[PDB]
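Enquirer: Submitted below is the structure of interest, expressed as structure tokens.
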Amino acid sequence: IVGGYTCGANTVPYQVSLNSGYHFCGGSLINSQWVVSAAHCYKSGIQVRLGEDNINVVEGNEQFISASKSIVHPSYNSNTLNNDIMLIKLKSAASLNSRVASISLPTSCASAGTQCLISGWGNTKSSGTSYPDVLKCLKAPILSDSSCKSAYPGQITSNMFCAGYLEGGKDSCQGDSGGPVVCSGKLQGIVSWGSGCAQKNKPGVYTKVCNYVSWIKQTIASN
Ligand SMILES: [Ca+2]
């Protein structure tokens, strides 16, 4: 997260860290047994880390649970990032409490202007590299279709939206990948891509979760 702020321990209780010996992506807890992330975060050997603040210190509220199954979207295209969403099932159910909680799925696609919270342990620099140990947060509005599509001609599909600031300075970044964009108490987006980070006229691009609700629900219910 570039130009954001320190969230505060466990203030984003649906935020997860995906770990394969190190943090490599975020995700969101959608029920006690399931995490949603980006398809581009796929790998084998994922451990899901819940109740994290500092990812380098065991602070006492964490749950570490191995994945039993990954399901990349049937139509994920790694070349275009279309359908950049994946489901991860936990080997055992997470214990739900104040610091580990699920986030609701959206019931419609949010409008331009809606304010959202984006969070993660990604790069905090727009030039260079600095990875934070504690969770960072950013408040950012959904941008209009035309703002998004003008910034990235030919590359935005009906399954992507933009959120952030066209002036630059404030954005998600590498390492935030797969993490939540939450607007009005719903999971509207998944951190997907962008051109650099916090660059002028290059806002973040996010998987439009509202398009996937049916697939998520059907897939979880059969697995
Ligand atoms: Ca920790």
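In the structure tokens, each chain is lettered A, B, ... as it comes, each chain's residues begin at 1, and ligands are numbered from 1 in order of appearance.
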Residues within 12 Å of ligand 1 should be enumerated using only C-alpha atoms and all ligand atoms and returned as a ChimeraX atom specification.

Expert: /A:9-10,16-17,19,22-23,49-64,121,133-135

Enquirer: Go ahead and dump the residues you just picked, N, CA and C atoms, as a PDB file, in the first residue's frame.

Expert:
ATOM      1  N   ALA A   9      -3.672  -3.020  14.754  1.00  0.00           N
ATOM      2  CA  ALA A   9      -3.808  -4.473  14.884  1.00  0.00           C
ATOM      3  C   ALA A   9      -5.235  -5.001  14.884  1.00  0.00           C
ATOM      4  N   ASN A  10      -5.508  -5.925  13.967  1.00  0.00           N
ATOM      5  CA  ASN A  10      -6.780  -6.646  13.855  1.00  0.00           C
ATOM      6  C   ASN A  10      -8.003  -5.777  13.560  1.00  0.00           C
ATOM      7  N   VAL A  16      -6.386 -11.757   5.263  1.00  0.00           N
ATOM      8  CA  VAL A  16      -5.473 -12.857   5.473  1.00  0.00           C
ATOM      9  C   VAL A  16      -4.150 -12.651   4.746  1.00  0.00           C
ATOM     10  N   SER A  17      -3.128 -13.336   5.239  1.00  0.00           N
ATOM     11  CA  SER A  17      -1.844 -13.430   4.555  1.00  0.00           C
ATOM     12  C   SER A  17      -1.692 -14.848   4.026  1.00  0.00           C
ATOM     13  N   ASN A  19       0.934 -17.509   2.898  1.00  0.00           N
ATOM     14  CA  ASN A  19       2.326 -17.758   3.236  1.00  0.00           C
ATOM     15  C   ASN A  19       2.768 -19.102   2.627  1.00  0.00           C
ATOM     16  N   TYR A  22       6.955 -17.462   3.550  1.00  0.00           N
ATOM     17  CA  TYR A  22       7.055 -16.007   3.548  1.00  0.00           C
ATOM     18  C   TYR A  22       5.675 -15.536   3.071  1.00  0.00           C
ATOM     19  N   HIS A  23       5.289 -14.309   3.413  1.00  0.00           N
ATOM     20  CA  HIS A  23       4.085 -13.696   2.847  1.00  0.00           C
ATOM     21  C   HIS A  23       4.270 -13.472   1.357  1.00  0.00           C
ATOM     22  N   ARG A  49      -2.796 -17.440   6.767  1.00  0.00           N
ATOM     23  CA  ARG A  49      -2.489 -16.848   8.076  1.00  0.00           C
ATOM     24  C   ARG A  49      -3.537 -15.803   8.402  1.00  0.00           C
ATOM     25  N   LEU A  50      -4.321 -16.107   9.432  1.00  0.00           N
ATOM     26  CA  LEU A  50      -5.471 -15.307   9.877  1.00  0.00           C
ATOM     27  C   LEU A  50      -5.106 -14.573  11.188  1.00  0.00           C
ATOM     28  N   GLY A  51      -5.741 -13.412  11.489  1.00  0.00           N
ATOM     29  CA  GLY A  51      -5.506 -12.642  12.729  1.00  0.00           C
ATOM     30  C   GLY A  51      -4.112 -12.037  12.805  1.00  0.00           C
ATOM     31  N   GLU A  52      -3.510 -11.816  11.634  1.00  0.00           N
ATOM     32  CA  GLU A  52      -2.187 -11.200  11.530  1.00  0.00           C
ATOM     33  C   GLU A  52      -2.223  -9.688  11.634  1.00  0.00           C
ATOM     34  N   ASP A  53      -1.284  -9.133  12.396  1.00  0.00           N
ATOM     35  CA  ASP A  53      -0.903  -7.752  12.197  1.00  0.00           C
ATOM     36  C   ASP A  53       0.544  -7.671  11.734  1.00  0.00           C
ATOM     37  N   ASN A  54       1.497  -7.813  12.653  1.00  0.00           N
ATOM     38  CA  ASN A  54       2.874  -7.932  12.237  1.00  0.00           C
ATOM     39  C   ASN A  54       3.131  -9.353  11.751  1.00  0.00           C
ATOM     40  N   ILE A  55       3.450  -9.494  10.479  1.00  0.00           N
ATOM     41  CA  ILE A  55       3.596 -10.851   9.896  1.00  0.00           C
ATOM     42  C   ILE A  55       4.931 -11.528  10.264  1.00  0.00           C
ATOM     43  N   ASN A  56       5.797 -10.784  10.960  1.00  0.00           N
ATOM     44  CA  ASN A  56       7.098 -11.289  11.395  1.00  0.00           C
ATOM     45  C   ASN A  56       7.196 -11.552  12.886  1.00  0.00           C
ATOM     46  N   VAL A  57       6.096 -11.353  13.595  1.00  0.00           N
ATOM     47  CA  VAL A  57       6.079 -11.565  15.054  1.00  0.00           C
ATOM     48  C   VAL A  57       4.814 -12.311  15.395  1.00  0.00           C
ATOM     49  N   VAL A  58       4.937 -13.351  16.214  1.00  0.00           N
ATOM     50  CA  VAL A  58       3.742 -14.030  16.688  1.00  0.00           C
ATOM     51  C   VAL A  58       3.215 -13.224  17.869  1.00  0.00           C
ATOM     52  N   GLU A  59       2.055 -12.593  17.689  1.00  0.00           N
ATOM     53  CA  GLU A  59       1.561 -11.607  18.666  1.00  0.00           C
ATOM     54  C   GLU A  59       0.445 -12.180  19.508  1.00  0.00           C
ATOM     55  N   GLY A  60      -0.085 -13.339  19.086  1.00  0.00           N
ATOM     56  CA  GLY A  60      -0.959 -14.138  19.930  1.00  0.00           C
ATOM     57  C   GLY A  60      -2.374 -14.306  19.418  1.00  0.00           C
ATOM     58  N   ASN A  61      -2.747 -13.581  18.364  1.00  0.00           N
ATOM     59  CA  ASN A  61      -4.103 -13.729  17.792  1.00  0.00           C
ATOM     60  C   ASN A  61      -4.170 -14.497  16.456  1.00  0.00           C
ATOM     61  N   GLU A  62      -3.045 -15.049  16.017  1.00  0.00           N
ATOM     62  CA  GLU A  62      -2.996 -15.714  14.704  1.00  0.00           C
ATOM     63  C   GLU A  62      -3.587 -17.116  14.662  1.00  0.00           C
ATOM     64  N   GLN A  63      -4.102 -17.490  13.489  1.00  0.00           N
ATOM     65  CA  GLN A  63      -4.389 -18.883  13.192  1.00  0.00           C
ATOM     66  C   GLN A  63      -3.685 -19.209  11.883  1.00  0.00           C
ATOM     67  N   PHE A  64      -2.882 -20.277  11.892  1.00  0.00           N
ATOM     68  CA  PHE A  64      -2.176 -20.700  10.673  1.00  0.00           C
ATOM     69  C   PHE A  64      -2.827 -21.987  10.201  1.00  0.00           C
ATOM     70  N   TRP A 121       0.040  -6.032   2.961  1.00  0.00           N
ATOM     71  CA  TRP A 121       1.434  -5.962   3.396  1.00  0.00           C
ATOM     72  C   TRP A 121       2.367  -5.752   2.192  1.00  0.00           C
ATOM     73  N   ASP A 133       6.018  -4.587   7.842  1.00  0.00           N
ATOM     74  CA  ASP A 133       5.796  -5.781   8.665  1.00  0.00           C
ATOM     75  C   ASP A 133       4.329  -5.784   9.163  1.00  0.00           C
ATOM     76  N   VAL A 134       3.737  -4.603   9.299  1.00  0.00           N
ATOM     77  CA  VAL A 134       2.364  -4.495   9.867  1.00  0.00           C
ATOM     78  C   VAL A 134       1.385  -4.151   8.741  1.00  0.00           C
ATOM     79  N   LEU A 135       0.100  -4.453   8.946  1.00  0.00           N
ATOM     80  CA  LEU A 135      -0.911  -4.220   7.892  1.00  0.00           C
ATOM     81  C   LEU A 135      -1.127  -2.734   7.612  1.00  0.00           C
TER      82      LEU A 135
END

Enquirer: Let's see if you can do this: from backbone DSSP, list all strand (DSSP E or B) residues in stretch 104-159 of chain A, as a list in words.

Expert: residues 104, 115, 116, 117, 118, 119, 120, 136, 137, 138, 139, 140, 141 and 142 of chain A

Enquirer: Residues of stretch 87-168 of chain A within 10 Å of stretch 204-218 of chain A: nearest atom pair and distance (Å, one decimal) for each, counting only C-alpha atoms, sorted by chain and number, as CSV?

Expert:
residue,atom,partner,partner_atom,distance
A:87,CA,A:216,CA,7.7
A:105,CA,A:213,CA,6.9
A:106,CA,A:210,CA,5.6
A:107,CA,A:210,CA,6.7
A:108,CA,A:210,CA,5.7
A:109,CA,A:210,CA,5.2
A:110,CA,A:210,CA,8.2
A:140,CA,A:204,CA,9.8
A:142,CA,A:204,CA,9.9
A:143,CA,A:204,CA,9.7
A:148,CA,A:205,CA,8.1
A:152,CA,A:205,CA,9.5
A:156,CA,A:205,CA,8.3
A:157,CA,A:207,CA,9.6
A:158,CA,A:208,CA,8.0
A:159,CA,A:208,CA,5.1
A:160,CA,A:207,CA,4.7
A:161,CA,A:206,CA,5.3
A:162,CA,A:205,CA,4.6
A:163,CA,A:204,CA,5.7
A:164,CA,A:204,CA,6.2
A:165,CA,A:204,CA,8.6
A:166,CA,A:204,CA,9.6

Enquirer: Extract, using only C-alpha atoms, all DNA, RNA and protein residues at most 10 Å from residue A:37, discarding same-chain residues fewer than 2 positions from it, and format them as JSON, numbers by chain.

Expert: {"A": [16, 18, 25, 26, 27, 28, 29, 35, 39, 40, 41, 42, 72, 84, 85, 86, 87, 88, 177, 178, 179, 180, 189, 190, 191, 192, 207]}

Enquirer: Pick from A:73, A:139, A:99, A:89: nearest to residue A:170, with only C-alpha atoms counted?

Expert: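 Among A:73, A:139, A:99, A:89, it is A:139 that comes nearest to residue A:170.
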
Enquirer: With distances taken over only C-alpha atoms, which residue among A:12, A:151, A:116, A:7 lies nearest residue A:203?

Expert: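 That would be A:151, the residue with the smallest distance to residue A:203.
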
Enquirer: Could you pull the residues within 8 Å of residue A:31, counting only C-alpha atoms, minus those fewer than 4 positions along the same chain, as a PyMOL selection string?

Expert: chain A and resi 35+101-103

Enquirer: Dump C-alpha atoms for the selected residues as a tab-separated table (two decimals), in the first residue's frame?

Expert:
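What landed in out-v2.tsv:
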chain	number	residue	atom	x	y	z
A	35	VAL	CA	-10.73	-17.53	1.39
A	101	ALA	CA	-14.06	-12.51	10.95
A	102	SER	CA	-15.62	-13.07	7.55
A	103	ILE	CA	-16.48	-10.28	5.04

Enquirer: Would you list, as a PyMOL selection string, the residues of chain A that end up in helix (DSSP H, G or I) under DSSP run on this structure's backbone?

Expert: chain A and resi 39-41+145-151+209-221

Enquirer: Please determine, counting only C-alpha atoms, which residue among A:174, A:184, A:150, A:126 has the shortest atom-to-atom distance to residue A:198.

Expert: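 Nearest candidate to residue A:198 out of A:174, A:184, A:150, A:126: A:126.
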
Enquirer: Which polymer residues have any atom within 9 Å of an atom of residue A:3, counting only C-alpha atoms, with same-chain residues fewer than 3 positions away left out, as a VMD selection string?

Expert: chain A and resid 124 to 126 137 to 138 169 to 172 198

Enquirer: Hey, can you spit out that residue selection with C-alpha atoms as a PDB file, in the first residue's frame?

Expert:
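selection_9.pdb was written with the following content:
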ATOM      1  CA  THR A 124       4.850   1.093   0.362  1.00  0.00           C
ATOM      2  CA  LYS A 125       7.063   2.921  -2.205  1.00  0.00           C
ATOM      3  CA  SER A 126       6.004   4.244  -5.633  1.00  0.00           C
ATOM      4  CA  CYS A 137      -4.688   0.555   4.861  1.00  0.00           C
ATOM      5  CA  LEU A 138      -5.915   2.966   2.170  1.00  0.00           C
ATOM      6  CA  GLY A 169       0.588   9.009  -4.599  1.00  0.00           C
ATOM      7  CA  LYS A 170      -2.032   6.607  -3.210  1.00  0.00           C
ATOM      8  CA  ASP A 171      -2.560   3.005  -4.452  1.00  0.00           C
ATOM      9  CA  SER A 172      -2.136  -0.696  -3.709  1.00  0.00           C
ATOM     10  CA  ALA A 198       0.674   5.268  -7.252  1.00  0.00           C
TER      11      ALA A 198
END

Enquirer: For a quick check of understanding, using only C-alpha atoms, which of A:147, A:104, A:175, A:38 has the smallest distance to residue A:130?

Expert: A:175
